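Novice: My structure file my_file-v9.txt, compact mmCIF, C-alpha atoms and all ligand atoms, is below:
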```txt
# COMPACT_ATOMS: atom_id res chain seq x y z
CA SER A 1 -8.22 21.33 -8.01
CA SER A 2 -9.49 21.62 -4.43
CA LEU A 3 -6.40 19.76 -3.19
CA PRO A 4 -3.12 21.39 -2.09
CA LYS A 5 0.02 20.74 -4.12
CA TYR A 6 2.56 18.45 -2.47
CA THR A 7 5.52 20.24 -0.90
CA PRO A 8 8.62 18.19 -1.83
CA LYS A 9 10.69 17.17 1.20
CA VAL A 10 13.79 16.56 -0.90
CA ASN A 11 15.48 18.96 -3.31
CA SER A 12 15.49 17.21 -6.66
CA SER A 13 15.97 18.62 -10.15
CA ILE A 14 15.12 15.21 -11.60
CA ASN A 15 11.82 15.03 -9.66
CA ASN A 16 11.12 18.63 -10.74
CA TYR A 17 11.61 17.53 -14.36
CA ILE A 18 9.23 14.59 -13.88
CA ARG A 19 6.51 16.80 -12.31
CA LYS A 20 6.89 19.61 -14.88
CA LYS A 21 6.64 17.15 -17.78
CA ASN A 22 3.50 15.69 -16.12
CA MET A 23 4.87 12.22 -16.82
CA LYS A 24 2.23 9.50 -17.11
CA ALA A 25 3.21 5.97 -16.09
CA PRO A 26 2.15 3.25 -18.54
CA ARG A 27 -0.48 0.59 -17.74
CA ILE A 28 0.65 -2.29 -15.54
CA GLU A 29 0.99 -5.34 -17.83
CA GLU A 30 0.67 -8.95 -16.65
CA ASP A 31 3.17 -11.50 -17.96
CA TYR A 32 2.86 -14.53 -15.70
CA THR A 33 4.38 -17.98 -15.91
CA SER A 34 2.51 -21.23 -15.19
CA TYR A 35 5.43 -22.99 -13.45
CA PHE A 36 6.48 -20.25 -10.99
CA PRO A 37 5.85 -21.35 -7.37
CA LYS A 38 3.00 -19.71 -5.43
CA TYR A 39 3.76 -19.46 -1.71
CA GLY A 40 2.19 -17.10 0.80
CA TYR A 41 4.02 -14.39 2.69
CA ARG A 42 4.84 -15.04 6.32
CA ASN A 43 1.49 -13.52 7.42
CA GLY A 44 -0.35 -15.36 4.63
CA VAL A 45 -1.32 -15.32 0.96
CA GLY A 46 -2.40 -11.77 0.06
CA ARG A 47 -0.49 -10.23 2.99
CA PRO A 48 2.66 -8.44 1.76
CA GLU A 49 4.19 -6.00 4.24
CA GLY A 50 5.79 -3.64 1.76
CA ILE A 51 7.88 -3.29 -1.38
CA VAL A 52 11.59 -3.62 -2.26
CA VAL A 53 13.61 -1.35 -4.56
CA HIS A 54 16.06 -3.31 -6.73
CA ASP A 55 18.09 -2.49 -9.81
CA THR A 56 18.85 -5.21 -12.36
CA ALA A 57 22.15 -7.05 -12.08
CA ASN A 58 23.17 -6.18 -15.64
CA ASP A 59 23.74 -2.67 -16.96
CA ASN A 60 23.07 -3.69 -20.54
CA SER A 61 19.91 -5.79 -20.49
CA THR A 62 16.46 -4.98 -21.84
CA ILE A 63 13.25 -5.58 -19.93
CA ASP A 64 12.47 -8.39 -22.40
CA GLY A 65 15.91 -9.95 -21.92
CA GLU A 66 15.58 -9.76 -18.13
CA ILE A 67 12.22 -11.51 -18.24
CA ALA A 68 13.38 -14.25 -20.62
CA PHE A 69 16.47 -14.94 -18.46
CA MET A 70 14.31 -15.04 -15.33
CA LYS A 71 11.86 -17.56 -16.83
CA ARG A 72 14.86 -19.80 -17.64
CA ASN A 73 16.37 -19.38 -14.18
CA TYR A 74 13.32 -19.00 -11.92
CA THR A 75 14.48 -21.69 -9.46
CA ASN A 76 17.38 -19.38 -8.60
CA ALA A 77 15.49 -16.08 -8.63
CA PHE A 78 12.33 -14.42 -9.81
CA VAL A 79 10.64 -11.12 -8.99
CA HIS A 80 7.17 -9.55 -9.02
CA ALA A 81 7.76 -6.77 -11.55
CA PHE A 82 10.17 -4.91 -13.80
CA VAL A 83 10.02 -1.27 -14.83
CA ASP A 84 11.97 0.61 -17.45
CA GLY A 85 11.47 3.97 -19.21
CA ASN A 86 8.55 2.64 -21.28
CA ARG A 87 6.88 -0.30 -19.55
CA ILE A 88 5.74 -1.68 -16.19
CA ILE A 89 5.47 -5.47 -16.34
CA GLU A 90 4.26 -7.64 -13.47
CA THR A 91 5.82 -11.11 -13.76
CA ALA A 92 4.40 -12.75 -10.62
CA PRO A 93 1.20 -12.21 -8.63
CA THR A 94 1.77 -9.89 -5.67
CA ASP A 95 -0.44 -12.00 -3.35
CA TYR A 96 2.35 -14.61 -3.22
CA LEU A 97 6.05 -14.12 -2.48
CA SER A 98 8.91 -13.97 -5.01
CA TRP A 99 12.58 -15.00 -4.83
CA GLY A 100 14.56 -11.76 -5.00
CA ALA A 101 15.78 -10.51 -1.59
CA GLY A 102 17.00 -13.51 0.42
CA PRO A 103 14.84 -15.67 2.71
CA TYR A 104 13.76 -12.95 5.16
CA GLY A 105 12.99 -10.23 2.60
CA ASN A 106 11.11 -12.73 0.43
CA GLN A 107 8.74 -13.64 3.28
CA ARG A 108 7.66 -10.00 3.63
CA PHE A 109 7.98 -7.79 0.56
CA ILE A 110 7.05 -7.36 -3.10
CA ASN A 111 10.24 -7.47 -5.23
CA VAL A 112 10.43 -4.86 -8.00
CA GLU A 113 13.31 -4.36 -10.44
CA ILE A 114 14.49 -1.16 -12.09
CA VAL A 115 15.91 -1.97 -15.53
CA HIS A 116 18.95 0.19 -16.37
CA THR A 117 18.55 3.17 -18.72
CA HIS A 118 21.10 5.19 -20.65
CA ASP A 119 19.70 8.69 -21.21
CA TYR A 120 18.30 11.45 -19.01
CA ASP A 121 14.66 11.19 -20.09
CA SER A 122 14.48 7.38 -20.02
CA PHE A 123 16.02 7.38 -16.54
CA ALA A 124 13.52 9.96 -15.26
CA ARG A 125 10.62 7.98 -16.78
CA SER A 126 11.89 4.77 -15.11
CA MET A 127 11.90 6.58 -11.74
CA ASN A 128 8.36 7.80 -12.33
CA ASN A 129 7.37 4.27 -13.36
CA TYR A 130 8.92 2.62 -10.30
CA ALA A 131 7.29 5.22 -8.03
CA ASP A 132 3.90 4.84 -9.72
CA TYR A 133 3.96 1.02 -9.48
CA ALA A 134 5.06 1.19 -5.82
CA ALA A 135 2.35 3.71 -4.88
CA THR A 136 -0.25 1.58 -6.68
CA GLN A 137 0.74 -1.52 -4.70
CA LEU A 138 0.75 0.34 -1.39
CA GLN A 139 -2.74 1.69 -2.16
CA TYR A 140 -4.05 -1.71 -3.28
CA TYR A 141 -2.78 -3.47 -0.13
CA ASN A 142 -3.99 -0.72 2.21
CA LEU A 143 -0.39 0.03 3.24
CA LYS A 144 0.97 3.52 3.91
CA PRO A 145 4.42 4.60 2.66
CA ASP A 146 7.10 4.54 5.36
CA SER A 147 10.79 4.34 4.44
CA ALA A 148 12.74 1.60 6.24
CA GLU A 149 16.16 2.95 5.27
CA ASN A 150 17.28 4.30 8.62
CA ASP A 151 15.43 2.23 11.23
CA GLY A 152 14.33 -1.03 9.60
CA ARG A 153 10.64 -0.26 10.01
CA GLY A 154 8.10 0.49 7.31
CA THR A 155 6.78 -0.47 3.91
CA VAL A 156 9.37 0.84 1.40
CA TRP A 157 12.71 -0.98 1.52
CA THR A 158 15.85 -0.81 -0.55
CA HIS A 159 17.65 -4.12 -0.96
CA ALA A 160 20.41 -2.34 1.04
CA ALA A 161 17.97 -1.87 3.97
CA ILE A 162 17.01 -5.56 3.85
CA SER A 163 20.72 -6.48 3.93
CA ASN A 164 21.33 -4.10 6.86
CA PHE A 165 18.33 -4.87 9.05
CA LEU A 166 17.20 -8.39 8.15
CA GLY A 167 20.27 -10.04 6.65
CA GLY A 168 19.90 -13.22 4.58
CA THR A 169 21.37 -11.11 1.73
CA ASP A 170 24.08 -8.48 1.26
CA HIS A 171 23.18 -6.61 -1.95
CA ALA A 172 23.23 -2.82 -1.59
CA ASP A 173 21.07 -1.86 -4.58
CA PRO A 174 19.77 0.56 -5.72
CA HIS A 175 21.99 3.23 -4.13
CA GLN A 176 25.08 3.15 -6.37
CA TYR A 177 22.90 2.75 -9.47
CA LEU A 178 20.81 5.84 -8.61
CA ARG A 179 23.94 7.84 -7.69
CA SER A 180 25.46 7.01 -11.10
CA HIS A 181 22.45 8.83 -12.66
CA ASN A 182 22.76 11.84 -10.28
CA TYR A 183 19.76 10.65 -8.28
CA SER A 184 19.14 9.00 -4.90
CA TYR A 185 16.83 6.75 -2.95
CA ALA A 186 15.82 9.78 -0.86
CA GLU A 187 14.50 11.42 -4.04
CA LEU A 188 12.79 8.21 -5.23
CA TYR A 189 11.04 7.84 -1.88
CA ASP A 190 9.82 11.44 -1.99
CA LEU A 191 8.31 10.65 -5.41
CA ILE A 192 6.66 7.43 -4.15
CA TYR A 193 5.23 9.38 -1.20
CA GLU A 194 3.78 12.12 -3.42
CA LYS A 195 2.29 9.65 -5.89
CA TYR A 196 0.67 7.73 -3.04
CA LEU A 197 -0.87 11.02 -1.83
CA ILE A 198 -2.13 11.81 -5.36
CA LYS A 199 -3.68 8.35 -5.79
CA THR A 200 -5.42 8.58 -2.40
CA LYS A 201 -6.66 12.09 -3.30
CA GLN A 202 -4.85 13.95 -0.50
CA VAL A 203 -2.78 16.21 -2.75
CA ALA A 204 -3.30 17.70 -6.21
CA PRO A 205 -2.33 15.75 -9.37
CA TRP A 206 0.27 17.16 -11.76
CA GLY A 207 -0.62 18.92 -15.02
ZN ZN B 1 -4.09 -11.99 -13.87
ZN ZN B 2 18.37 -6.23 -5.19
ZN ZN B 3 25.60 2.08 -18.41
ZN ZN B 4 -0.70 -7.11 -9.71
ZN ZN B 5 24.79 3.47 -20.19
ZN ZN B 6 9.37 5.61 9.47
ZN ZN B 7 21.28 -7.64 -6.49
```
Would you mind giving the structure from this file in structure tokens?

Specialist:
Amino acid sequence: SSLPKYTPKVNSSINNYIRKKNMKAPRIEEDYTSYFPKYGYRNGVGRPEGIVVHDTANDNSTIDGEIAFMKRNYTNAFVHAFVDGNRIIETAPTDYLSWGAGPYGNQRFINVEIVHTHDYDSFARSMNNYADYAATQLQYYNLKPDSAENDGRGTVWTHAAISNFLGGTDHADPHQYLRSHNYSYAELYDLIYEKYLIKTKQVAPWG
């Protein structure tokens, strides 16, 4: 195409594998629940400020199990979306907040969960799927990707970054989870950034 290829800012054999395989994220599915609460973000309904990277609390759950448990326990916690190696499922409308990152995170950011995977390919697909969903939301909300990890400013936040800069929570996901699969947030962010650039037609698509 007329567009330049993205130059990766982070060395990543897993990202290389994703790009070379030309992985295609699945369609975003809606699975909403009538009794979930619908409250605006701190700047209003329809005004999220960014997106949070979570991994699921359990290492052995399925996306279906996670969702069923959440519907039963929504007064304790619920999130906007789950991704695994096969599916992207939005469980609450992104124009309203969700209950996944403590009081301060919840007022600002879309909460997205990475379901755990147990093989190389499934893990790589789940990373592609998270990154694709995140880039889609940033594009839809006219937000630009900016990692908050080191200075507490921007639109892409790990739960760890929320804990560090905002408080109201102490979870450090997804760092240890990604490390256990020989990956990292730095690599995930580089993938989000590239996918955002592809979607906004600034760099060439894969193929
Ligand atoms: Zn709908
Ligand atoms: Zn979390
Ligand atoms: Zn495991
Ligand atoms: Zn949506
Ligand atoms: Zn495993
Ligand atoms: Zn920045
Ligand atoms: Zn957690």

Novice: Do you know which residues are at most 6 Å from region 156-163 of chain A counting all atoms listed in the file, after dropping those on the same chain fewer than 5 positions away, and could you put them as a PDB file with C-alpha atoms, in the coordinates of the input?

Specialist:
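Just written: out_15.pdb:
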```
ATOM      1  CA  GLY A  50       5.790  -3.640   1.760  1.00  0.00           C
ATOM      2  CA  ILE A  51       7.880  -3.290  -1.380  1.00  0.00           C
ATOM      3  CA  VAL A  52      11.590  -3.620  -2.260  1.00  0.00           C
ATOM      4  CA  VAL A  53      13.610  -1.350  -4.560  1.00  0.00           C
ATOM      5  CA  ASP A 146       7.100   4.540   5.360  1.00  0.00           C
ATOM      6  CA  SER A 147      10.790   4.340   4.440  1.00  0.00           C
ATOM      7  CA  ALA A 148      12.740   1.600   6.240  1.00  0.00           C
ATOM      8  CA  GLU A 149      16.160   2.950   5.270  1.00  0.00           C
ATOM      9  CA  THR A 169      21.370 -11.110   1.730  1.00  0.00           C
ATOM     10  CA  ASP A 170      24.080  -8.480   1.260  1.00  0.00           C
ATOM     11  CA  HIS A 171      23.180  -6.610  -1.950  1.00  0.00           C
ATOM     12  CA  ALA A 172      23.230  -2.820  -1.590  1.00  0.00           C
ATOM     13  CA  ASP A 173      21.070  -1.860  -4.580  1.00  0.00           C
TER      14      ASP A 173
END
```

Novice: Taking (5.4, 10.8, -4.1) in the file's coordinates as the center, which residues reach within 10 Å of it, counting only C-alpha atoms, put as a PyMOL selection string?

Specialist: chain A and resi 6-9+15+128+131-132+134-135+145+187-199+203

Novice: Taking all atoms listed in the file into account, list the residues no farther than 8 Å from ligand ZN 5 (chain B), as a list in words.

Specialist: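 With all atoms listed in the file and a cut-off of 8 Å, ligand ZN 5 (chain B) is contacted by residues 59, 60, 116, 117, 118 and 119 of chain A.
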
Novice: Write out as a list in words the residues lying within 8 Å of residue 85 (chain A), counting all atoms listed in the file and excluding same-chain residues fewer than 6 positions away.

Specialist: residues 117, 121, 122, 123, 124, 125, 126, 127 and 129 of chain A

Novice: Could you jot down the CA of residue 206 (chain A) to CA of residue 150 (chain A) separation for me, Å, one decimal place?

Specialist: 29.5 Å

Novice: Grab me every residue within 8 Å of ligand ZN 1 (chain B), counting only C-alpha atoms and all ligand atoms, and send it over as a PDB file with C-alpha atoms, keeping the file's coordinate frame.

Specialist:
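New file result_6.pdb:
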```pdb
ATOM      1  CA  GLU A  30       0.670  -8.950 -16.650  1.00  0.00           C
ATOM      2  CA  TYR A  32       2.860 -14.530 -15.700  1.00  0.00           C
ATOM      3  CA  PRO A  93       1.200 -12.210  -8.630  1.00  0.00           C
TER       4      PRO A  93
END
```

Novice: In terms of the shortest atom-to-atom distance over only C-alpha atoms and all ligand atoms, which of A:18, A:178, A:23, A:101 is closest to ligand ZN 7 (chain B)?

Specialist: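 Smallest separation from ligand ZN 7 (chain B) among the options: A:101.
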
Novice: Dig up all the protein and nucleic acid residues within 12 Å of (9.2, -5.3, -12.6) in the file frame, using only C-alpha atoms, and format them as a PyMOL selection string.

Specialist: chain A and resi 28-32+51-56+62-64+66-67+70+78-94+98+100+110-116+126+129-134

Novice: Which one is closest to residue 45 (chain A): A:153, A:175, A:201, A:108? Count all atoms listed in the file.

Specialist: A:108

Novice: Smallest atom-to-atom distance to ligand ZN 2 (chain B): which of A:33, A:106, A:22, A:16, using only C-alpha atoms and all ligand atoms?

Specialist: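 Among the listed residues, A:106 lies closest to ligand ZN 2 (chain B).
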
Novice: Would you compute the distance between CA of residue 155 (chain A) and CA of residue 43 (chain A)? Give it in Å to one decimal.

Specialist: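 It comes out at 14.5 Å.
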
Novice: Find the residues near residue 166 (chain A): any atom within 9 Å, counting only C-alpha atoms, skip ones fewer than 5 places away on the same chain, and give them as a list in words.

Specialist: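 That gives residues 104, 105, 152 and 161 of chain A.
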
Novice: CA of residue 11 (chain A) to CA of residue 165 (chain A): how many Å, to one decimal?

Specialist: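 Taking CA of residue 11 (chain A) as the start and CA of residue 165 (chain A) as the end point, the length is 27.0 Å.
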
Novice: How big is the axis-aligned box, and where does its centre sit, when it encloses all atoms of region 62-80 of chain A listed in the file and has 4 Å added on every side, reported in Å to one decimal as lines of an AutoDock Vina configuration file?

Specialist:
```
center_x = 12.3
center_y = -13.3
center_z = -15.5
size_x = 18.2
size_y = 24.7
size_z = 21.8
```

Novice: Smallest atom-to-atom distance to ligand ZN 7 (chain B): which of A:57, A:25, A:17, A:68, using only C-alpha atoms and all ligand atoms?

Specialist: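 The shortest atom-to-atom distance to ligand ZN 7 (chain B) comes from A:57.
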
Novice: Between A:35, A:109, A:177, A:99, which residue has the minimum interatomic distance to ligand ZN 3 (chain B), considering all atoms listed in the file?

Specialist: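 Of all the options, A:177 lies closest to ligand ZN 3 (chain B).
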
Novice: Could you tell me which of A:75, A:180, A:140, A:58 comes closest to ligand ZN 7 (chain B) if we count only C-alpha atoms and all ligand atoms?

Specialist: A:58
